[PDB]
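Overview (structure and organization)
What follows is the residue order along each chain.
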Amino acid sequence: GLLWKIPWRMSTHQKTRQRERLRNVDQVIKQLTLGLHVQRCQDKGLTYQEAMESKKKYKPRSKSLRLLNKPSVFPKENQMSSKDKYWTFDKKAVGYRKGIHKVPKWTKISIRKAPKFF
Amino acid sequence: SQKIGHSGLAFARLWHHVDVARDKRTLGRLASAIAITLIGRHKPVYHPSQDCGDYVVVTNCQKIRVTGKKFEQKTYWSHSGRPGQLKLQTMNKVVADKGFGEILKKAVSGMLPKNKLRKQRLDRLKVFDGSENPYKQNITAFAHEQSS
Amino acid sequence: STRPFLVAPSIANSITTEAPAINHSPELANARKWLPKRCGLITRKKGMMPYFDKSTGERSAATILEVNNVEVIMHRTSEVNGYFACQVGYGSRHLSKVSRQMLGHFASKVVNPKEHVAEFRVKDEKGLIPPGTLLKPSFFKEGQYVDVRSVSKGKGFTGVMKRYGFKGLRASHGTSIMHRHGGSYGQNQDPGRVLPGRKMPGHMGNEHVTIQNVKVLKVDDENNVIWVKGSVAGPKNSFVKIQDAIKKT
Amino acid sequence: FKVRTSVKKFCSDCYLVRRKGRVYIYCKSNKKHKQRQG
Amino acid sequence: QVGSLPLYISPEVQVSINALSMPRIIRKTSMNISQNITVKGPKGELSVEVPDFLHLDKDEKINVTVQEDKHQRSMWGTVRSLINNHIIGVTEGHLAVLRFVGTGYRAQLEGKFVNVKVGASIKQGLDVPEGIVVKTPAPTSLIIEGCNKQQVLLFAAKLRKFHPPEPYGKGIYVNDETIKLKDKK
RNA sequence: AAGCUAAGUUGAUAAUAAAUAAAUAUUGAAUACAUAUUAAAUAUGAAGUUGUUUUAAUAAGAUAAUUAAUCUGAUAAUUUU
RNA sequence: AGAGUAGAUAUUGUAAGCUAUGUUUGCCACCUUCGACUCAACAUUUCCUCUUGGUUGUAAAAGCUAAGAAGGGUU
RNA sequence: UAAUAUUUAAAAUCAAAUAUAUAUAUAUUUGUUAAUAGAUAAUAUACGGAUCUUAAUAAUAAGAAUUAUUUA
RNA sequence: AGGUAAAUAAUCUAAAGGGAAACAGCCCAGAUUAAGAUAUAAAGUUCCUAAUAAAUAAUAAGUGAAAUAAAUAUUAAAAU
Ligand SMILES: [Mg+2]
Ligand SMILES: [Mg+2]
Ligand SMILES: [Mg+2]
Ligand SMILES: [Mg+2]
Ligand SMILES: [Mg+2]
Ligand SMILES: [Mg+2]
Ligand SMILES: [Mg+2]
Ligand SMILES: [Mg+2]
Ligand SMILES: [Mg+2]
Ligand SMILES: [Mg+2]
Ligand SMILES: [Mg+2]
Ligand SMILES: [Mg+2]
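Residues numbered from 1 in each chain as written, not as in the entry; some residues may be left out. Chains lettered and ligands numbered in written order. Part of a larger assembly, values for the part shown. Heavy atoms only, no water. Residues with missing side-chain atoms left out of burial classes, pairs and counts.

In the PDB archive, cryo-EM is given as the structure determination method for this entry, at a resolution of 3.200 Å.

Structure (structure tokens):
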């Protein structure tokens, strides 16, 4: 019909970009957590520097942040597998897999955890 | 300021020489390299609205390096306007007919920018299967290089 | 007494190498070609008449080729010209008709201002004949076969029916105003043009024709004529060339 | 020959050989068991 | 395996190793042929061109060993075999017998041209290559002798191509080829 | 009668050669056997390919001429090959 | 699976499997003429001619089946 | 160590890494084949094209422009 | 089915710019007017064509190199 010339693989450059994006997302989360921790420290009664130093850093309480922190639910880039950085689970593909770059707004969308065996 | 001065030497066409016997670049790479020279992209005075490229003499083109089975299998094409008159010639066949020089030339042509200047640039490139050629005298040569 | 010359190291140290054999070289092409060994001669087609074989009593249409004043002018060699051939002249021509340059050329080669000059290409240096030497019909033997070149009669602008023997259309059964036309000249949009070499009306004749393996029937030095079996192309007084044939050598 | 995409030796006399970018099976006894791949 | 097996050399047989004049190279992994192995003996001599990674070893008896790529391994076995064959040629030279087994099918030497006459309405044959010597005791038997085992056998094959053995079984039989097994009428 | 024409006449259906397709082989390892090589070597093999032959175009090269009482062309006249 | 005087694979090859083509009958609704004559051009999934493998079913001759092959021809 | 019959797996198992008490234990995370054939139609080869697979002897010098995992 | 009917989101409709060879609807990004120094997005960096150097493996088919063709067969490789 109408030619949408989009390849089934990604170029190395694309892959690298994807990786970078993933890393950035992780970093954002990390930063958020750090901020929360330092706020907690300040509330308790410490300085900024002191808070930064502290061995026992506080985990976040809010559900979403906690979930993000868990690597079971939301892996970090170094943890993540090759097969999940550049492919998603498609319920109706051959091999039940599909290049992430096919997913509508893949540059914004985050999607790490494919199914366990698929 | 910088552009002001005697600019005659900049836009002088140098003759370069490449001995394909003594060059280990494979065909395509070599062609690409030559293309740049032809265009004149190597010189800082280049501007796209100007043919300012140098001359390239290729010699010993018989010893050019081609990889894989391309000598046998790589097919050059030519079509008249007339349906059914598609000529498809293998690289080896072409070589037998015209020479390795032709091969090289084709590659260079492909490399070059597709505009008026193209043909001139292509013609600047002078290729010879063996060593001997009529340009031996005019290749650029320095006085300090004369130890040999 | 030396001159200021330099030399690049890249070109000095470059080991000597011979360029291999190009097929599109003249030399190579020469080898390939299927050329005659001997030379030939220029002639004028005079007319046609019947030859009668006196033993079998059989009538053969024969065209008379007149060999007036045929002379080798000069020859061409592989070293200088890249092929082996002799330039033959035919017939005397009046100074007034000949260019100064051409007169000079003729003088160079001690011949009279010729009517028609033509090269005959040969195989090897052996085929050449000494220059300035005259040729007679006796250069050919009765019974031998020759290849003849001449320029066909011009038919002017011709239709497709005459050029290519097209069938035209029906004479009377509705057919209107197109009786001798060529019909379709292509297909629809999927060439969308007329292909090169489409047979179409146009000039016909006045072109070179080589007619091969004609038998020399007779050869009479006393009349300056050769007799050839059959029809030779072109009008009366057309210049013809005969070489010994290659297919039946 | 029997030209086909599946080339399998029938008997112990059949031997598998690969030439000219194709898999052949020649059989020293039964000429019927001569196969070529593609 | 074959390459490692040693090669006994009788006295009167030399196996010399040399370089070449203009070493040729073969690309596609590559293989450069610069070495020469020249075998000499009472019946003749022959030079075999050889890679570079191959090493002859002269004992008081010779060996051959290669510098352990698969290609090298493949070459090694071949080369030893070749030299063995050459050795055999140079002393007890090689020989192949062709038996013509059809009615009126026969062979005849015309000097050293061989004309095989087998049912054809035109006569045909070929000329023996240098180093090959044919003799014909009966007109139905032809014996080809030479120092080069490969060459002689090639020649034999060419001759037998003219009429291979039918399956019901007139033809030309090389050596001990009893390939024709007669189908039942 | 000329000319034009086929229903007439004459001729050609382009060799020799080179490399090949499917196929047929020699020796011969990798793999103690076998294996024509999707190994190194060595061969046969088609109305196909390359080429040749034919026509048209192009014009490298070659021969000669050089400011001219009749240099090379055009215009002009009488014309048909 | 089964035929094939025996034996799936010379030749045949049910129903079910996996594909290719866009030469048929359809479906969709982006978009509003069959033949004859003349001249054919292109393709190869080759009808003939050239080379070849298989053929208890290649004794030969005719065939059958398969590979290469589009040069010439195909009322 | 040869031959032998399956399988193409990190679930289990092993290795490595991160988080919890911590030289161990617990929990999570990651790591397991490649070629060739099969392969195909009609104006023209059709990665957009040139073209790309490397090699001693020698280059103040080329060494994938493919596929997979990465770095700056 | 570039089919049809609805659901959710985006874009197009009404959106120029960069990429996807060319491209309504894809990937990025919303043009007030310039200017062109610095960050860059998606995409790329032998030449055409703005910009590239490395590392480890695999491939020898031009497979492949921005549109992946299936069953199956052959050959190899690992694991038990
Ligand atoms: Mg599109
Ligand atoms: Mg006739
Ligand atoms: Mg076919
Ligand atoms: Mg195409
Ligand atoms: Mg591309
Ligand atoms: Mg719709
Ligand atoms: Mg509207
Ligand atoms: Mg837009
Ligand atoms: Mg909007
Ligand atoms: Mg705005
Ligand atoms: Mg490709
Ligand atoms: Mg593709």
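Right, picking up where we left off after that structure.
1. Observations concerning the overall build of chain A
When its secondary structure is counted, chain A shows four helices and two strands. Each helix (α) and strand (β) of chain A, taken in turn from the N terminus, gives the series α-α-α-α-β-β. In terms of overall dimensions, chain A is more spread out than a globule: its C-alpha atoms have a radius of gyration of 19 Å, far above the 13 Å expected for 118 residues. Its C-alpha atoms give chain A principal-axis dimensions of about 65 × 30 × 20 Å. Evaluated residue by residue, chain A yields a buried proportion of 25% over its 118 residues. A separation threshold of at least 6 residues defines the contact pool for chain A, and within that pool the share at least 24 residues apart is 53%. (Helix = DSSP H or I, 4+ residues; strand = E, 2+ residues; numbered from the N terminus. Rg over C-alpha atoms; globule rule 2.2 N^0.38 Å. Buried < 20%, exposed > 50% of the residue type's maximum accessible area, 1.4 Å probe, protein only. Contact = heavy atoms within 4.5 Å.)

2. Describing the overall build of chain E
In terms of helices and strands, chain E carries two helices and 12 strands. Ordering the α and β elements of chain E from the N terminus gives β-β-β-β-β-α-β-β-β-β-β-β-α-β. Relative to the globule expectation of 16 Å for 185 residues, the C-alpha radius of gyration of chain E, 20 Å, shows a markedly less compact shape. Along the three orthogonal principal directions, the C-alpha set of chain E runs to about 55 × 35 × 30 Å.

3. Digging into the protein's contact with RNA strand F
Inspection of the region around RNA strand F gives 63 residues, with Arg32, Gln101, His105, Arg149 and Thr210 of chain C positioned closest. Looking at RNA strand F alone, sugar and phosphate atoms form 80% of those within 4 Å of the protein. At 3.3 Å, a side-chain N or O of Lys162 of chain C approaches a phosphate oxygen of RNA strand F. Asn213 of chain C is positioned with one of its side-chain polar atoms (N or O) 3.1 Å from a phosphate oxygen of RNA strand F. Among the secondary structure elements, those contributing two or more residues to the surface near RNA strand F are β3 (70-76), α3 (78-81), α4 (100-108) and β10 (208-220) of chain C, β2 (14-19) and β3 (22-27) of chain D together with α1 (70-90) and α2 (149-162) of chain E. Take the surface near RNA strand F: its biggest share by element is eight residues, from α1 of chain E. Across the surface near RNA strand F, the residue classes tally to 17 nonpolar, 19 polar and 27 charged. (Near = heavy atom within 4 Å. Polar contact = N/O pair within 3.5 Å; in protein donor to acceptor, adjacent residues only side chain to side chain. Nonpolar A, V, L, I, M, F, W, Y, C, P; charged D, E, K, R; others polar.)

4. Quick notes on the sheet that holds strand β1 (residues 40-53) of chain C
Residues and elements named next belong to chain C. In spatial order, the strands read β1-β2-β11-β10-β7-β12; together these six strands close into a barrel with antiparallel pairing. Strand-to-strand twist of the sheet, defined as the mean angle between neighbouring strand axes without regard to direction, takes the value 50 degrees. Pairing of strand β7 (residues 145-151) with strand β12 (residues 239-244) involves four bridges; the strand directions are antiparallel. Along β12, the bridge assignment pairs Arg149 with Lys241. (Pairing = 2+ DSSP bridges. Axes fitted to C-alpha atoms, helices over the stretch in contact; angles between N-to-C directions.)

5. Quick look at the interface of chain C and chain B
Contact residues are listed per partner, giving 22 residues for chain C and 25 residues for chain B. For the chain C and chain B pair, buried surface summed over both sides reaches about 1,900 Å², with 56% attributable to carbon and sulfur atoms. Three residues, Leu6, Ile11 and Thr17 of chain C, lead the burial of chain C against chain B; their summed loss comes to 28% of the area buried on that side. At the junction of chain C with chain B, the criterion picks out zero salt bridges. Remark: the boundary between chain C and chain B carries eight residue pairs in polar contact. (Buried area = accessible area lost by both parts, 1.4 Å probe. Salt bridge = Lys/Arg side-chain N within 4 Å of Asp/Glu carboxyl O.)

6. A word on the pattern of salt bridges
All names here are of chain A. Taken as a whole, this structure holds 16 salt bridges over all chains when the rule is applied. Of the charged contacts in the structure, one is a salt bridge between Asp84 and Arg97, with a shortest N-O distance of 3.4 Å. Of the two residues, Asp84 sits in helix α4 (residues 82-85) while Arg97 sits in strand β2 (residues 97-99), which places them 13 residues apart along the sequence. Overall, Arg97 belongs to the buried group, its relative accessible area being 13%.

7. So, the packing of aromatic side chains
A full pass over the atoms with the stated rule returns 15 aromatic pairs over all chains. Aromatic pair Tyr96 of chain A and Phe118 of chain A: ring centres 5.7 Å apart, planes at 65 degrees, arrangement edge-to-face. Of this pair, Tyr96 of chain A sits in the loop between β1 (87-89) and β2 while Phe118 of chain A sits in the segment after β2, and the two are 22 residues apart along the sequence. A residue is classified by how much of its surface remains accessible, and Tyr96 of chain A, at 41% relative accessible area, is partly exposed. Both rings, one in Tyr24 of chain D and one in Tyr26 of chain D, keep their centres 5.8 Å apart while their planes meet at 25 degrees; by these two values the pair is stacked. Across the pair, exposure class does not vary: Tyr24 of chain D and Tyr26 of chain D are buried alike. By way of ring pairs, the aromatic residues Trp15, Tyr55, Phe128 and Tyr135 of chain B are connected into one cluster. Lying over the aromatic face of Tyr58 of chain A, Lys44 of chain A brings its terminal NZ or CZ to 5.5 Å of the ring centre. Of note, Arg124 of chain B hangs over the ring of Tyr55 of chain B, and the distance from its end group to the ring centre comes to 5.7 Å. (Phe/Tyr/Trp six-rings, centres within 6.5 Å; stacked < 30°, edge-to-face > 60°. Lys NZ or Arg CZ within 6 Å of the ring centre and 35° of its normal.)

8. Description of the nonpolar core
Ranked by size, the top nonpolar core spans 27 residues in total, and within it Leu41, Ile226 and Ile242 of chain C carry the most contacts. Of all the secondary structure elements, the ones that give two or more residues to this core are β1, β3, β4 (85-92), β5 (114-121), β7, β10, β11 (225-229) and β12 of chain C. For this core, the element with the highest residue contribution is β4 of chain C, accounting for three residues. Here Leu41 of chain C is in contact with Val67, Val70, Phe120, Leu135, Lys136, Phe139, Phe140, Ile226, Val240, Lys241 and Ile242 of chain C, once residues within four sequence places are set aside. Membership of the second largest hydrophobic core comes to 26 residues, among which are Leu38, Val56, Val58 and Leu104 of chain B. (Core = buried A, V, L, I, M, F, W, Y, C linked by side-chain atoms within 4.5 Å.)

9. A short note on the state of the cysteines
Overall, the coordinates contain zero disulfides over all chains when judged by the stated rule. Residue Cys11 of chain D stays outside any disulfide, its sulfur separated by 3.5 Å from that of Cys14 of chain D, the closest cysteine. (Disulfide = S-S within 2.5 Å.)

10. Observations concerning the side chain of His101 of chain A
Residue and element names in this part refer to chain A. Note on placement: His101 falls in the segment after β2. Of note is the side chain of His101, whose polar atom sits 3.1 Å from the backbone oxygen of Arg9. Residue contacts for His101: discarding those within four places in its chain leaves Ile6, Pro7, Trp8, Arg9, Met10, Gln14 and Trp106.

11. Things to note about the pairing of strand β3 (residues 45-50) of chain E
Burial along β3 of chain E is one-sided: the face carrying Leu46, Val48 and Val50 of chain E is buried and the face carrying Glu45, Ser47 and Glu49 of chain E is not. Counted along the chain from strand β2 (residues 30-40) of chain E to the antiparallel partner β3 of chain E, the turn is four residues long.

12. Notes on a nonpolar patch on the surface
Where nonpolar side chains cluster on the molecular surface, the patch consists of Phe89, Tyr96, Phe117 and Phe118 of chain A and spans about 470 Å² of accessible area. Relative to the helices and strands, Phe89 of chain A is located in strand β1. (Patch = residues over 30% accessible without salt bridge, like charges linked within 9 Å, V, L, I, M, F, W, Y side chains within 5 Å. Areas by Shrake-Rupley, 256 points an atom, 1.4 Å probe, with all protein chains shown as cover.)

13. Some points on the packing of helix α1 (residues 27-39) of chain B against helix α4 (residues 100-111) of chain B
Residues and elements named next belong to chain B. In the contact formed by α1 and α4, the axes pass within 8 Å of each other and the chain directions differ by 55 degrees. On the basis of their axis angle, the class for α1 and α4 is oblique. In this structure, α1 crosses over α4, and the sense of that crossing is right-handed. On the side of α1, the interface is formed by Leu27, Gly28, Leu30, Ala31, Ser32, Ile34, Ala35 and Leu38, while α4 contributes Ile103, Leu104, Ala107, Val108 and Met111. Of the residues contributing to the contact of α1 with α4, the split by class is 11 nonpolar, two polar and no charged. (Parallel < 35°, antiparallel > 145°, perpendicular 65-115°, else oblique. Left-handed = near helix turned anticlockwise from the far one by under 90°.)

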